[PDB]
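>>> Coordinates only, no sequence provided:
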Ligand SMILES: O=C(O)CNC(=O)C(=O)O
Ligand SMILES: [Mg+2]
Ligand code: NI
Ligand SMILES: [Zn+2]
């Protein structure tokens with residue numbers, strides 16, 4: 001079995017290998033990359049996403065979110081407080097202000113120490129889930145707006161034609177902006193491209209060990225667990241690397257820099273934080289290997305998770321027994 005320790009693998013495809021996206025995902029899996037739950041892909045030196053990022057300041061962040069924490073430094077939740085609209089240029093100025101800017105630090109490990117010591121005492125503001133793309137239309141390789149759709153993959157594998165669409169989303173981050181522990185909707189893959197700015201640190205649990213993380217989370221967040229048998233779908237819970245190590249949970253970490261792609265694999269729990277002002281693009285995708293994970297994905301039916309229109313068909317076709325309860329949680 002390849003990659004039996006479930007290490008995060010880093011790939012350097014050539015320009016020729018960058019042509020066929022599906023083929024390269026299958027290649028990474030042949031080398032065991034999925035066992036980690038996360039892989040990094042460094043694009044060939046000849047590739048670029050677009051010409052420049054000099055003209056993005058007028059993008060609107062309609063509903064910036066202030067991420068307010070509760071709990072203790074290593075075990076906390078966050079809620080999202082809505083703020084007034086602002087442009088990307090206004091958000092960048094805010095991220096660089098004395099109140100929000102990255103502190104002085106020695107290296108990524110020092111900044112990680114500072115994040116986990118001090119995150120809860122601040123409330124950073126995030127632009128999230130903004131439909132759109134910063135890939136040039138003429139970028140033909142690894143263009144996250146031109147991928148094969150999940151509806152087409154389900155139709156190809158299973159024969160059923162369904163409604164729904166699959167488009168990318170932009171993220172604008174600042175120091176201490178935080179992504180809570182989660183798997184993707186319907187335990188899909190994700191791909192994330194860091195277009196510009198400061199890094200993102202990621203944490204990930206191997207898919208084969210995801211239930212260990214779920215059991216610790218039920219212990220650490222006992223009221224949330226009574227409220228919902230899939231409360232990690234709410235995307236509000238944080239647990240530090242120190243707490244994970246104290247509890248014997250297998251995980252890995254890596255820092256993504258501008259110009260790099262990350263792929264998350266089905267049922268790979270992940271979390272992380274941004275180092276400073278940045279912009280990322282991400283989308284969900286599927287492969288044949290996903291179908292069995294989609295069929296087994298947990299679901300939230302308590303009302304908290306609320307998701308896109310296009311998830312309806314996935315539940316309806318892959319999880320007909322669960323569909324009526326889940327749809328009620330959507331309504
Ligand atoms: O960059 C972001 O805010 C979030 N993206 C991811 O967690 C992902 O691609 O799965
Ligand atoms: Mg603009
Ligand atoms: Ni994710
Ligand atoms: Zn729920």
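On my side now, so go ahead. Residues are numbered from 1 along each chain as shown. Ligands and ions are numbered 1, 2, ... in the order given.
>>> Pull up the gap between residue 146 and ligand 1, please.
Distance from residue 146 to ligand 1, counting by C-beta to the nearest ligand atom, to the nearest Å: 17 Å. Every C-beta, even on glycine, is put in place using the N, C-alpha and C of the backbone.
>>> Mind telling me what element that residue is part of?
For residue 146, there is no host helix or strand (DSSP states H and E).
>>> and it, how far is that from residue 307?
Distance from residue 146 to residue 307, counting by C-beta to C-beta, to the nearest Å: 23 Å.
>>> Distance check, residue 77 against residue 67.
10 Å.
>>> for residue 148, same thing?
In this view, residue 148 and residue 67 are 33 Å apart by C-beta to C-beta.
>>> Run a quick neighbour tally on residue 288.
Using other C-beta atoms under 10 Å, residue 288 has 11 neighbouring residues.
>>> contacting residues around it?
The contact partners of residue 288, by C-beta atoms under 8 Å, 6 or more residues apart in numbering, come to 153, 157.
>>> just the helices in the stretch 51-200 of the chain please.
Assigned by DSSP state H, counting those that start in this stretch, the helices in the stretch 51-200 of the chain fall at 88-95, 108-118, 150-158.
>>> Serialize these to JSON lines and add fields for mean neighbour count and distance to residue 303.
Shown next, in JSON lines, are these (neighbours: other C-beta atoms under 10 Å; distance: least, C-beta to C-beta, whole Å):
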{"stretch": "helix 88-95", "mean neighbour count": "18", "distance to residue 303": "30"}
{"stretch": "helix 108-118", "mean neighbour count": "15", "distance to residue 303": "31"}
{"stretch": "helix 150-158", "mean neighbour count": "17", "distance to residue 303": "24"}
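>>> nearest to residue 189, of these?
Residue 189 sits nearest to helix 150-158 of all the helices of the stretch 51-200 of the chain, at 9.4 Å, using C-beta to C-beta.
>>> How far does the closest one sit from its chain's centre?
22 Å (C-alpha atoms, centre = their mean, to the nearest Å).
>>> same check, this time on stretch 13-26
22 Å.
>>> on that earlier part again, higher neighbour count, residue 77 and residue 67?
Each of residue 77 and residue 67 has its neighbours counted (other C-beta under 10 Å); residue 67 has more, 21 against 17.
>>> just checking, the more buried one touches residue 179?
No. Judged on C-beta atoms under 8 Å, residue 67 makes no contact with residue 179 at a distance of 9.7 Å.
>>> Pipe the helices of the stretch 51-200 of the chain into TSV and attach distance to residue 191 per row.
TSV is the format used below for the helices of the stretch 51-200 of the chain (distance: least, C-beta to C-beta, whole Å):
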stretch	distance to residue 191
helix 88-95	22
helix 108-118	22
helix 150-158	12
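>>> Look up how far residue 205 lies from the residue of the stretch 1-150 of the chain found nearest ligand 4.
Residue nearest to ligand 4 within the stretch 1-150 of the chain (C-beta to the ion): residue 77, separated by 13.3 Å. To residue 205, residue 77 is 19 Å away according to C-beta to C-beta.
>>> ditto for residue 231
Using C-beta to C-beta, residue 231 is found at 16 Å from residue 205.
>>> And the two? Which one has more around it.
Remark: of residue 231 and residue 205, residue 205 carries more neighbours, 28 against 24, as counted by other C-beta under 10 Å.
>>> which residues does the more buried one contact?
Each residue near residue 205 by C-beta under 8 Å, 6+ apart is listed here: 37, 212, 213, 249, 250, 251, 268, 269, 270.
>>> do the same with residue 115
For residue 115, the contact set (C-beta under 8 Å, 6+ apart) comprises 176, 201, 273.
>>> Equivalent analysis for residue 268, please.
Counting by C-beta under 8 Å, 6+ apart, residue 268 has contacts 34, 36, 37, 38, 183, 204, 205, 206, 207, 210.
>>> Repeat the analysis, applying 6 Å as the threshold.
By C-beta atoms under 6 Å, 6 or more residues apart in numbering, the contact set of residue 268 is 37, 38, 204, 207.
>>> Residue 132: which of the helices of the stretch 51-200 of the chain is closest?
Ranking those by distance to residue 132, with C-beta to C-beta as the measure, places helix 88-95 first at 11.0 Å.
>>> The closest one vs ligand 2: in contact?
No. When contact is scored as C-beta under 5 Å from the ion, no part of helix 88-95 falls within range of ligand 2; the minimum is 6.7 Å.
>>> close to ligand 2, is stretch 163-176?
No. Judged by C-beta under 5 Å from the ion, stretch 163-176 and ligand 2 are separated, with a smallest distance of 11.6 Å.
>>> what's that stretch in contact with?
Contacts for stretch 163-176 (C-beta under 6 Å, 6+ apart): 91, 95, 100, 102, 119, 122, 124, 127-133, 144-145, 149-151, 274, 276-283, 310, 313.
>>> Of those, just the buried ones, ChimeraX syntax please.
One line in ChimeraX is enough to select the buried ones among these; burial here means 16 or more other C-beta atoms under 10 Å:
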select :91,95,100,102,119,124,127,128,130,133,144,145,149,150,151,274,276,277,278,279,280,281,282,283,310,313
